[PDB]
Chemist: 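Quick one: this structure, given as structure tokens, is what I'll be asking you about.
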Amino acid sequence: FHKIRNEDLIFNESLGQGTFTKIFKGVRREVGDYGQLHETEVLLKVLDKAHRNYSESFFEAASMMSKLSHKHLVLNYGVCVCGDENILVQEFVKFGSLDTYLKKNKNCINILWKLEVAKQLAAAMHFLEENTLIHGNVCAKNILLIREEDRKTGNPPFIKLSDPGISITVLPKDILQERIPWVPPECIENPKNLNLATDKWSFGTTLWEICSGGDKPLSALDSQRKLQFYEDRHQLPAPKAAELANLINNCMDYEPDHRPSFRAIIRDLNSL
Ligand SMILES: Nc1nc(Nc2ccc(S(N)(=O)=O)cc2)nn1C(=O)Nc1ccc(-c2ccnc(C(=O)O)c2)cc1
């Protein structure tokens, strides 16, 4: 990663927190193309100082994905590791995370919008699959909305997939249990079962979110009941708008080897 000086970063409003991270809107002063000076809006992801031992994991996966440029993968500008901070400096996406957007626009998002966002997410995951790169945390909060749909000019929405964050292969077991049903059953049994197949399961969970107006699946279940949900081999309920329900269940297959490739997933989406 390119190293950015703390002096060139200005922290502004908080935009929430993640797993052992805090999120801020920021500005980066930089020299851009042709030597022009810019003050660029950025998203700053700050690793909690108390959790400095997770720094390697947060940055590694972000790094490996940033070695692969793709239109549906978020741009990272660099890192700031001056002083006692570990900061990821990322492109600022105008409309933020998709989960909050789905809730705030539920009475405006139709099946064609969902199918377009689903196709774009599958395209990003196919790219990752072909590069044998595991994401490990596909969820609606990690889908960033670059552009809204514009029925006036026929423009579809446009999304990017955000960075993975700290790997589930190093997180505490109680955090992994809280992330059921995004974390697949095999990874609850053994976090070292993290595999390409993991992302197919979480992709299914993410489609469920996209179809459910921002609801979080199994949110009414505490961690103990989420564990028993997997032990009893339950599936998620079909969303009210159930057009993607079969694909969701096909992806959320308790047998990891049976989950369809993203090429097949894309073919399925294109048939709807
Ligand atoms: N690049 C980028 N630009 C923006 N712009 C923006 C944000 C908000 C609003 S707003 N307030 O007006 O709605 C408007 C514009 N957000 N953003 C970004 O990456 N956000 C982000 C934060 C946290 C996770 C996350 C997901 C799952 N797990 C974790 C974990 O660490 O556990 C973390 C993912 C993404």
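In this chain, numbering begins with 1 at the start of the sequence shown. Order of appearance sets the numbers: ligands from 1, and atoms from 1 within every ligand. For the numbers below, each heavy atom of this structure counts, side chains included, while hydrogens, waters and symmetry mates do not.
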Chemist: Considering distance alone, does some N or O of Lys45 sit under 3.5 Å from an N or O of ligand 1?
Modeler: yes
Chemist: Could you tell me if the ring centre of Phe262 sits under 6.0 Å from that of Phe127?
Modeler: no
Chemist: Between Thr21, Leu75, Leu144, which one has a non-hydrogen atom sitting closest to atom 18 (C) of ligand 1?
Modeler: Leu144
Chemist: Is the shortest N/O to N/O distance between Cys139 and ligand 1 below 3.5 Å?
Modeler: no
Chemist: What are the atoms of ligand 1, with element, lying closer than 4.0 Å to any heavy atom of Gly18?
Modeler: 30 (C), 31 (O), 32 (O)
Chemist: Would you kindly specify which portion of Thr19 sits under 4.0 Å from ligand 1, judged on non-hydrogen atoms: side chain, backbone, both or neither?
Modeler: both
Chemist: Any idea which part of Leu43 is under 4.0 Å from ligand 1, heavy-atom wise: side chain, backbone, both or neither?
Modeler: side chain
Chemist: Would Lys45 and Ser162 count as having a side-chain donor-acceptor pair, cut-off 3.5 Å?
Modeler: yes
Chemist: Pull out every atom of ligand 1 sitting under 4.0 Å from any heavy atom of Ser97, numbered as shown with elements.
Modeler: 21 (C), 35 (C)
Chemist: Just heavy atoms, cut-off under 4.0 Å: does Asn137 contact ligand 1 by side chain, backbone, both, or neither?
Modeler: side chain
Chemist: Can you sort out which atoms of ligand 1 are near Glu91, meaning under 4.0 Å from one of its heavy atoms?
Modeler: 1 (N), 2 (C), 3 (N)
Chemist: Under 4.5 Å between any side-chain heavy atoms of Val183 and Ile188, yes or no?
Modeler: yes
Chemist: Between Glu39 and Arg28, is there a side-chain N and carboxylate O pair less than 4.0 Å apart?
Modeler: no
Chemist: Is the backbone of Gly32 close enough, under 3.5 Å, to the side chain of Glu30 for a donor and an acceptor to pair up by distance?
Modeler: no
Chemist: Find all atoms of ligand 1 within a distance of less than 4.0 Å from any non-hydrogen atom belonging to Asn142, and give their numbers and elements.
Modeler: 24 (C), 25 (C), 26 (C), 27 (C), 34 (C)
Chemist: Taking only heavy atoms of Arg179, which atoms of ligand 1 are found under 4.0 Å from at least one of them?
Modeler: 32 (O)
Chemist: Should the heavy atoms of other residues, nucleotides or ligands under 6.0 Å from CG of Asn249 be counted, would the total exceed 12?
Modeler: yes
Chemist: Which one of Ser162, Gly165, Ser14, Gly96 has a non-hydrogen atom at the shortest distance from atom 9 (C) of ligand 1?
Modeler: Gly96
Chemist: For the rings on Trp201 and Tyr230, is their centre-to-centre separation under 6.0 Å?
Modeler: yes
Chemist: Pick out which of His135, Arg263, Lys200 makes a side chain to side chain contact (heavy atoms under 4.5 Å, CB included) with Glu129.
Modeler: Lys200
